[PDB]
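Data block below; observations after.
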Amino acid sequence: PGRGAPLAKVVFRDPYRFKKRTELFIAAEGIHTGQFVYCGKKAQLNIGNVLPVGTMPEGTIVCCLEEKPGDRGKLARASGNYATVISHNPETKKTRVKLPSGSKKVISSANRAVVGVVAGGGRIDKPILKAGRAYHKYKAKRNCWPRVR
Amino acid sequence: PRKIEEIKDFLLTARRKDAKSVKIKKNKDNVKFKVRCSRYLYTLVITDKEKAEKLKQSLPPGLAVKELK
Amino acid sequence: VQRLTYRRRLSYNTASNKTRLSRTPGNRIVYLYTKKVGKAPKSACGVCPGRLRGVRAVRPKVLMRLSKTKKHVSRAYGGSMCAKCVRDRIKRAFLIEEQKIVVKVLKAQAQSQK
Amino acid sequence: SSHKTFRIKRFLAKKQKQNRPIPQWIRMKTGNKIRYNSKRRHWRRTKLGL
Amino acid sequence: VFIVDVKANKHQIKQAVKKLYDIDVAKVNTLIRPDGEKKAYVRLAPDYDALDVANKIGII
Amino acid sequence: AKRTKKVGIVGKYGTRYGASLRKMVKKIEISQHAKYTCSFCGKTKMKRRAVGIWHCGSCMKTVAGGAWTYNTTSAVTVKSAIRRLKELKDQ
RNA sequence: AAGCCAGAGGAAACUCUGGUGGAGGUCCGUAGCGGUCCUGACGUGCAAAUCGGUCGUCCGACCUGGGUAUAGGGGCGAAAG
RNA sequence: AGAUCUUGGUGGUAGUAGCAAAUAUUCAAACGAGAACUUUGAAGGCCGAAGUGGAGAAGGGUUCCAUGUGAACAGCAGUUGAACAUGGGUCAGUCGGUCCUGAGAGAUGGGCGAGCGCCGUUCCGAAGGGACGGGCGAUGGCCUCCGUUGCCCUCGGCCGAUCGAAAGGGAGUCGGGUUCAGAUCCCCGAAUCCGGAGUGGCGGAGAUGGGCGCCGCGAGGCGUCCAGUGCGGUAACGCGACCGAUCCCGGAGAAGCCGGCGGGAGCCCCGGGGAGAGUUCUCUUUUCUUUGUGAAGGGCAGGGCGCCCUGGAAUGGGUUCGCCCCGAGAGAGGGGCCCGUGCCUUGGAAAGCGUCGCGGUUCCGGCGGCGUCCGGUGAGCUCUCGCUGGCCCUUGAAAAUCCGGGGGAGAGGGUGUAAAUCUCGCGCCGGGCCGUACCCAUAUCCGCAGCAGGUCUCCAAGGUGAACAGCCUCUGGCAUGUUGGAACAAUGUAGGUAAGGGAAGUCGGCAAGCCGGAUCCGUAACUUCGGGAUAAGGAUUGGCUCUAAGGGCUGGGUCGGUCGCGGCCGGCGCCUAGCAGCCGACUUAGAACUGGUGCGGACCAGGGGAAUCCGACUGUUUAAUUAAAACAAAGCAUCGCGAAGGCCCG
Ligand SMILES: [Mg+2]
Ligand SMILES: [Mg+2]
Ligand SMILES: [Mg+2]
Ligand SMILES: [Mg+2]
Ligand SMILES: [Mg+2]
Ligand SMILES: [Mg+2]
Ligand SMILES: [Mg+2]
Ligand SMILES: [Mg+2]
Ligand SMILES: [Mg+2]
Ligand SMILES: [Mg+2]
Ligand SMILES: [Mg+2]
Ligand SMILES: [Mg+2]
Ligand SMILES: [Mg+2]
Ligand SMILES: [Mg+2]
Ligand SMILES: [Mg+2]
Ligand SMILES: [Mg+2]
Ligand SMILES: [Mg+2]
Ligand SMILES: [Mg+2]
Ligand SMILES: [Mg+2]
Ligand SMILES: [Mg+2]
Ligand SMILES: [Mg+2]
Ligand SMILES: [Mg+2]
Ligand SMILES: [Mg+2]
Ligand SMILES: [Mg+2]
Ligand SMILES: [Mg+2]
Ligand SMILES: [Mg+2]
Ligand SMILES: [Mg+2]
Ligand SMILES: [Mg+2]
Ligand SMILES: [Mg+2]
Ligand SMILES: [Mg+2]
Ligand SMILES: [Mg+2]
Ligand SMILES: [Mg+2]
Ligand SMILES: [Mg+2]
Ligand SMILES: [Mg+2]
Ligand SMILES: [Mg+2]
Ligand SMILES: [Mg+2]
Ligand SMILES: [Mg+2]
Ligand SMILES: [Mg+2]
Ligand SMILES: [Mg+2]
Ligand SMILES: [Mg+2]
Ligand SMILES: [Mg+2]
Ligand SMILES: [Mg+2]
Ligand SMILES: [Mg+2]
Ligand SMILES: [Mg+2]
Ligand SMILES: [Zn+2]
Ligand SMILES: [Zn+2]
């Protein structure tokens, strides 16, 4: 609720104790239930896989890009959005990407990201057509909608 | 309440230790024996009058045989 | 008609204030406060939407006073998973483990060369 | 209401007990100067504090 | 029927009645009166008559 | 018979909101409420559950797709681009 | 309204007819909510804002109880200080 | 003597205004000093099930209920009272609170702060005080032996105290009787949940069978060896249990709104059979009332299934009101499971009720007779269960709590009338604390009050009718809303009517009036093609007597060729254009007859058209003079910001 992008409930195996870990990814457009996704350095180019941008080709596009190495996804998360890998350089471990706004940004080559666009398509294409549908849309987000000039 | 189908399994519930009393009710077409145990009230229904006559005299001693009429 | 009243102090038509009409031996209509409708368990596969068979559908705390047989089925994963998806997992476990034997032999005939 | 706490009910009990007239024999005491119970409270005329 | 201390529960009321009247009681009910005094309905055992117990208590 | 001449599905909106806004939302509502064929089981039972979520009633397979269409033309060219970059990544 | 069934006219392109269906910040209109006009009643009132008729809306930005949160140059305001 | 002076008292006004919102009272009697108002009876009326009825939540706090008083109060009165006085009244394991979390509140650590303190709620903490497992021992003691106890080994994150709902979640109580006032709480009777059991309370299960040496005519026994933590069905799954920890997985709790169908109940309706009343001037086999079976078990209908087996379908078929379904297994045949609130049964008739009587015990859960029966209906109303859809840039709680499965660490006996163990049947004990009366409103609450205001819900009969509309009625309730009597002046408030004219009135058709329901016709400009539209305009409408049309159930046999006036197999036959009998809803159409042309006869119930301005629309707004053209709105456009950030609090 309050988001255009659907969420994927991925289940991994905990590598240290007998347990099942449940992650909440942002669904990339194309992934389905009962599908394996692979996260790591050795994961290969497939939609939904979470692999570092430093091991990607120079034209691939990503879904949930990290702003910093180590944290979790922070960029291109809203529905239909993506970043693009522009260039790397093996020296100084840097990678330049193109954000959804068109800004070019330099991030570390260890930053992880899902592969593909994020599901939710062109949600903004449909006219709302109704004050009531704008009321319901913002009732799920916050108290900001009826704007007095 | 529990219903008892045949005769001999009513006899040992009648002679059970927690059996407080036995009540004999006569109707137009059957006779009902009701032993009041601790949890349930076991009712055994006999349509034959002479069968109920024999069962009435076959009850264990030391138990109430109160008749309802 | 003879009209009825609530027998408890909850006067609102909430989900726990559900009643049904009953005729007493005294020939009057009264409310009988019903229990909630129980649900059979879903399947642990989380795929097929039907609920399990052979298991009584009651409220969760009723299951404490039920017999063991009434709460499960005589099968592996009985009472927790459907029969259909148990057959699939039995086949899946066998066939993938056979595939492991396939690739182990396949690399074993690969390592015949330096 | 019908639903009350113990503290509220205990409070209403005291206010009930002290809402009674003075005994007749009080007026015969020497140096009495008390005519009636001036702290009487009717449930409709004035309401309780709580 | 007794007027009892407001802090006395059913266990204490039953035990008190049992010892100082030498009777056996079956069950005890309890309400608090609108004046604040607790009142106990103490049902005696079937082999104890409430009428002649109340006689020797002195409330005939 | 043919009950309307041109409004189609947006006849439910009456005269409101303007002709071009009803026309713009007409093609979106047709695709959003349409039943697509499932690519996993072949049955035409894949219908939208929420925005971006598509679900097949037969095989109970849920997929992440577009807001109104099952898959956007953006993601279709993306999946093809990733495949070409993968086959370029190896040799 | 969409969806669906049947029939008819067409060389195709396609078009037409009768049903079915039950959409909608849809219409008439109760309860509810509101408060247009009579500038009616009353105006030392029933009432420190009420009453009568007539009215607006009545599946939705709907009405409403209780529980919470926001406190004075602060709050909150589909905005009238 | 003044200060619209302060406090207190008193006049004229003035026996004046007034005691006029919601139709209404009347007769007789009783008590009593006293009756328009009390009570009883009889009439006439109202509320008319969206109540003036029956019950609750909040709030009140004794107003509840008996008896008495007649001072003051109840704006008249009162013999009455929600007044006054004296007493009495609220009984729980299973109705709530209590328990859980929700939005949120809030300590501790830490940080800040002159300081009371306040920031923060996992953040900057050495935040687990628990555990069957085992070892070291104490032998504590019915020292056989298993229970205590200290330390150690091993395992253990809800990762955060705590509070937060008498409408959310949350195990399990119902039937009858009873009081002046309490009852799902008391009594009677039927159950049921949770917790406990060390000596193990009884059973049953586990679990008690084979092989061989012999004995014994055999049947039946002795010794050894070997198993035995249940069994059945192809399957869905079933059976009365069915060893098992740490750990893991899952389920239930746990889910929006709207639509259309179907099942069940309660109510309503119809035809009879009883019992009791009502009418009888005449008719009326008539009119009215009444005509039960709780929970909890067992069995069976019935509803549902996205469950199984056989088999393999196009000349595609199955099927719904709609849909929809099928080589990923249709149709068909046979099964399995769930729910079972329905019926029968134990409860159960002994109770209850209706009647007709007999006793008395100031005032009996008295006693007795008879009955408590058979059917038919439905787009009917209300609940409830189920199926299937639609809508969302809206996806419609959480946690206590309970359960199933995976795994197999372990445990238990050496063939004993056996062990460990048991979610199986029965038996034993306990369930503490607080609330519980009453009002719940034109008189028990707030509004200074018995104030036309305000204040959250549940149940919901007949007629008419589209209807929870309006109008009338039944069950239930009441006395006209803080007075009565007599008149019927003006002026008024509220309601009507009005000849001829028809807005000439007025700032202005303000107000009032016209229209109005349904059926059949017929509908313009303009238009964003959806609308305009009930456009505009016209006809009909009663009563009575018919006639058509629209259904559902059964049975459709050619025969003794024999005997299980009847049945198995069949020489023996062609309803196959379908009939024959029975049963029952409304609804539509057509016609005749008929009335002083009157007929949506009350009630209900759009005046219409042609334009100009503004706002797109729906919505919102100054509670108490402005509902608008004002605000909002979707749409359009611009601006800032890549988090070391934008905007903002502090
Ligand atoms: Mg604006
Ligand atoms: Mg019944
Ligand atoms: Mg008051
Ligand atoms: Mg109590
Ligand atoms: Mg509307
Ligand atoms: Mg309207
Ligand atoms: Mg307003
Ligand atoms: Mg106004
Ligand atoms: Mg005025
Ligand atoms: Mg101004
Ligand atoms: Mg002076
Ligand atoms: Mg002077
Ligand atoms: Mg006067
Ligand atoms: Mg007057
Ligand atoms: Mg009336
Ligand atoms: Mg009422
Ligand atoms: Mg009274
Ligand atoms: Mg007076
Ligand atoms: Mg008093
Ligand atoms: Mg911890
Ligand atoms: Mg709490
Ligand atoms: Mg509750
Ligand atoms: Mg009462
Ligand atoms: Mg019965
Ligand atoms: Mg089939
Ligand atoms: Mg009887
Ligand atoms: Mg009460
Ligand atoms: Mg009044
Ligand atoms: Mg009032
Ligand atoms: Mg006040
Ligand atoms: Mg009326
Ligand atoms: Mg009047
Ligand atoms: Mg009067
Ligand atoms: Mg005239
Ligand atoms: Mg005229
Ligand atoms: Mg003029
Ligand atoms: Mg003039
Ligand atoms: Mg007018
Ligand atoms: Mg027009
Ligand atoms: Mg006619
Ligand atoms: Mg407007
Ligand atoms: Mg505009
Ligand atoms: Mg105003
Ligand atoms: Mg524009
Ligand atoms: Zn499954
Ligand atoms: Zn599919």
Side-chain angles (χ1 to χ4, degrees), chain A residues 1 4 18-20 67 74-75 99 101 103 105 123-124 126-137 139-140 146 148, chain B residues 1-3 17-18 25 38-39 41 43 68, chain C residues 1 3-14 20-27 29 34 38-42 44 48-50 53-54 57 60-69 71-74 77-81 83, chain D residues 1-6 9 12 16 43-44 47-48, chain E residues 9-11 29-31 34 41, chain F residues 1 3-19 21 41 50-51 67:
Chain A
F18 189 61
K19 203 168 297 198
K20 286 283 170 61
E67 208 162 19
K74 300 278 166 178
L75 309 176
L99 292 169
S101 66
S103 311
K105 197 189 183 145
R123 178 181 31 89
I124 55 153
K126 197 202 209 200
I128 288 173
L129 287 177
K130 275 174 51 167
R133 284 184 180 172
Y135 161 81
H136 292 314
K137 152 190 182 70
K139 180 146 171 103
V148 171
Chain B
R2 288 297 188 275
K3 187 192 190 316
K17 185 194 161 309
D18 54 282
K25 175 73 171 73
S38 171
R39 183 160 172 189
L41 180 140
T43 306
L68 275 73
Chain C
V1 76
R3 283 162 291 184
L4 303 196
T5 51
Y6 277 141
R7 325 172 50 166
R8 308 171 173 182
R9 276 186 207 278
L10 183 39
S11 56
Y12 305 105
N13 194 48
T14 60
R20 74 178 184 80
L21 274 68
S22 185
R23 169 180 273 98
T24 69
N27 206 354
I29 312 293
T34 66
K39 291 182 175 74
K42 288 190 85 67
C48 48
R53 303 139 292 283
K61 284 164 99 166
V62 183
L63 299 153
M64 194 170 50
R65 67 191 187 248
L66 281 192
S67 184
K68 170 74 152 296
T69 298
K71 292 181 292 199
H72 79 93
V73 193
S74 299
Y77 297 87
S80 182
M81 201 171 294
Chain D
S1 44
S2 194
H3 293 163
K4 40 183 80 81
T5 66
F6 180 69
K9 179 170 178 208
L12 298 169
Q16 186 163 332
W43 58 273
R44 220 163 190 186
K47 294 319 224 183
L48 284 168
Chain E
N9 55 72
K10 283 156 184 203
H11 297 320
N29 292 336
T30 290
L31 62 92
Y41 295 105
Chain F
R3 294 175 303 251
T4 62
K5 164 175 184 179
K6 78 172 61 178
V7 293
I9 197 182
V10 296
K12 57 166 160 177
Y13 292 135
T15 78
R16 297 171 290 265
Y17 319 127
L21 284 200
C41 73
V51 58

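Labels below follow one simple rule: chain letters A, B, ... track the order of the sequence lines, proteins then strands, and each chain is numbered from 1.
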Considering only heavy side-chain atoms of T24(C), the closest of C456(H), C339(H), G176(H) is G176(H)
Classify the side chain of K71(C) and the base of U423(H) as holding, or not holding, a donor-acceptor pair under 3.5 Å. yes
To the nearest angstrom, the CG-P distance between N13(C) and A460(H) comes to 11 Å
Quick note, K42(C) side chain, CB onward, closest among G251(H), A55(H), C62(G) is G251(H)
Worksheet item: Checking all strands, does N29(E) fall into the base, sugar-phosphate, or nothing category for heavy-atom contacts under 4.0 angstrom?
Response: base
Comparing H136(A) with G14(F), nearest RNA chain G nucleotide closer to 5' gives the residue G14(F)
Out of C239(H), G396(H), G342(H), minimum distance to the side chain of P1(A) belongs to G396(H)
Check: Is there a Watson-Crick or G-U wobble pair linking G430(H) and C194(H), both distances under 3.5 Å?
Finding: yes
(Q) Is there a base pair between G348(H) and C603(H), Watson-Crick or G-U wobble, given that both distances have to be under 3.5 Å? (A) no
Testing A82(H), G238(H), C402(H) for proximity to the side chain of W43(D), the answer is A82(H)
- Query: Checking all strands, does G132(A) fall into the base, sugar-phosphate, or nothing category for heavy-atom contacts under 4.0 angstrom?
  - Reply: base
Applying the 3.5 Å cut-off to both distances, the Watson-Crick or G-U partner of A55(H) turns out to be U457(H)
Whole-Å distance, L31(E) CG to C95(H) P, equals 19 Å
Closest of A57(H), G53(H), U293(H) to the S2(D) side chain is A57(H)
In whole angstroms, the gap separating P of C91(H) from OH of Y41(E) amounts to 8 Å
Exercise for the section: Would you confirm whether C358(H) and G366(H) are paired, taking Watson-Crick (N1-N3 with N6-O4 or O6-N4) or G-U wobble (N1-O2 and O6-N3) geometry and requiring each distance to be under 3.5 angstrom? Expected result: yes
From the candidates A2(G), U184(H), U528(H), the one with an atom nearest any side-chain atom of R7(C) is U184(H)
Watson-Crick or G-U wobble between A205(H) and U421(H), both distances under 3.5 Å? yes
Practice prompt. Compare all side-chain heavy atoms of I128(A) with those of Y17(F) and state whether any distance is below 4.5 angstrom.
Written response: no
Over all strands shown, is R3(C) touching base, sugar-phosphate only, or nothing at heavy-atom distances under 4.0 angstrom? base
Whole-Å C1' distance, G97(H) and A166(H): 6 Å
Could you verify whether a donor N or O on one side chain and an acceptor N or O on the other, from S67(C) and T69(C), lie under 3.5 Å apart?
-> no
Note: for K3(B) and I128(A) on RNA chain H, the residue whose nearest nucleotide lies more 5' is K3(B)
Between NZ of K17(B) and P of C202(H) the distance, given in whole Å, is 14 Å
task: Could you tell me whether the side chain of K137(A) has a donor or acceptor atom within less than 3.5 Å of a complementary atom in the base of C393(H)?
output: yes
Discussion item. If we define stacking as six-membered ring centres under 5.5 angstrom apart and planes under 30 degrees, are the neighbouring bases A518(H) and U519(H) stacked?
Written reply: yes
Picking from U26(G), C237(H), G266(H), the nucleotide nearest the side-chain atoms of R16(F) would be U26(G)
Ring-ring stack between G78(H) and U79(H), thresholds 5.5 Å and 30°: no
The groove holding base atoms under 5.0 Å from any side-chain heavy atom of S80(C) is the minor
Reckon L41(B) touches a base, only the sugar-phosphate, or nothing at all at heavy-atom distances under 4.0 Å?
sugar-phosphate
Considering every strand and a 4.0 Å limit on heavy-atom distances, what is the contact class for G26(C): base, sugar-phosphate, or nothing? sugar-phosphate
task: Scan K130(A) against the nucleic acid and name what it touches under 4.0 Å (heavy atoms): base, sugar-phosphate only, or nothing.
output: base
When we call it a touch if two heavy atoms are under 4.0 Å apart, what does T30(E) touch: a base, just sugar-phosphate, or nothing?
sugar-phosphate
Here the distance between atom P of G431(H) and atom NZ of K10(E), to the nearest Å, is 9 Å
Remember a base hit wins even if backbone is also touched, and classify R23(C) as base, sugar-phosphate or nothing at under 4.0 Å, heavy atoms.
-> sugar-phosphate
Checklist entry - What does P60(C) touch in the nucleic acid at a heavy-atom separation under 4.0 angstrom: a base, only the sugar-phosphate, or nothing? => result base
The sugar pucker of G312(H), read from the sign of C1'-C2'-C3'-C4' where positive is north and negative south, is south
Here the distance between atom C1' of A165(H) and atom NE2 of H3(D), to the nearest Å, is 14 Å
message = Under 4.0 Å, heavy atoms only, any strand: does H11(E) hit a base, just the sugar-phosphate, or nothing?
response = sugar-phosphate
- Task: Decide yes or no for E67(A) and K105(A): does some side-chain heavy atom of the first lie under 4.5 Å from some side-chain heavy atom of the second?
- Result: yes
Using Watson-Crick geometry (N1-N3 plus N6-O4 or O6-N4) or G-U wobble (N1-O2, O6-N3), each under 3.5 Å, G557(H) is paired with none
Among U192(H), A633(H), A57(H), the one nearest any side-chain atom of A131(A) is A633(H)
- Task: Give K6(F) one of three labels, base, sugar-phosphate or nothing, depending on what nucleic acid heavy atoms sit under 4.0 Å from its own.
- Result: sugar-phosphate
Wobble or Watson-Crick, both distances short of 3.5 angstrom: do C353(H) and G371(H) pair? yes
Taken to the nearest whole Å, NZ/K9(D) to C1'/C434(H) is 9 Å
Sign of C1'-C2'-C3'-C4' (positive north, negative south) puts the sugar of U341(H) south
Torsion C1'-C2'-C3'-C4' of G431(H) sorts its sugar, positive to north and negative to south, as north
Testing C339(H), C428(H), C393(H) for proximity to the side chain of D18(B), the answer is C428(H)
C1'-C2'-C3'-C4' sign, positive north and negative south, makes the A183(H) sugar north
query: Side chain of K12(F), backbone of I9(F): donor and acceptor closer than 3.5 Å?
result: no
Would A252(H) and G253(H) be classed as stacked, given the thresholds of under 5.5 Å between six-membered ring centres and under 30° between planes?
yes
With north defined by a positive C1'-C2'-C3'-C4' torsion and south by a negative one, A533(H) has a sugar that is south
Of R65(C) and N27(C), the one whose nearest nucleotide on RNA chain H sits closer to the 5' end is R65(C)
Of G175(H), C393(H), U423(H), the nucleotide closest to the side chain of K126(A) is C393(H)
Decide if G73(G) and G74(G), neighbours in the strand, stack by the rule of centres under 5.5 Å and planes under 30 degrees. no
Checklist entry - Using atom P of each nucleotide, how far apart are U473(H) and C267(H) to the nearest Å? => result 26 Å
inquiry  = Classify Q16(D) by what it touches in the nucleic acid, base, sugar-phosphate, or nothing, heavy-atom distance under 4.0 Å.
reply    = base
Counting only distance, no hydrogens or angles, is the base of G642(H) paired donor-acceptor with the side chain of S101(A) under 3.5 Å?
yes
Separation of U173(H) atom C1' from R8(C) atom CZ, nearest Å, is 9 Å
Q: Answer with base, sugar-phosphate or nothing: what part of the nucleic acid does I124(A) contact at a heavy-atom distance below 4.0 Å?
A: base
Contacts of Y17(F) and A1(F) projected onto RNA chain G by closest heavy atom; the upstream (5') one is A1(F)
Margin query: Heavy atoms only, 4.0 Å cut-off, all strands: where does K68(C) land among base, sugar-phosphate and nothing?
Written below: base
Taking the six-membered rings only, are the centres of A20(H) and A21(H) under 5.5 Å apart with their planes within less than 30° of each other?
no
_Given 3.5 Å as the limit, does a donor-acceptor pair link the side chain of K10(E) with the main chain of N29(E), or not?_
no
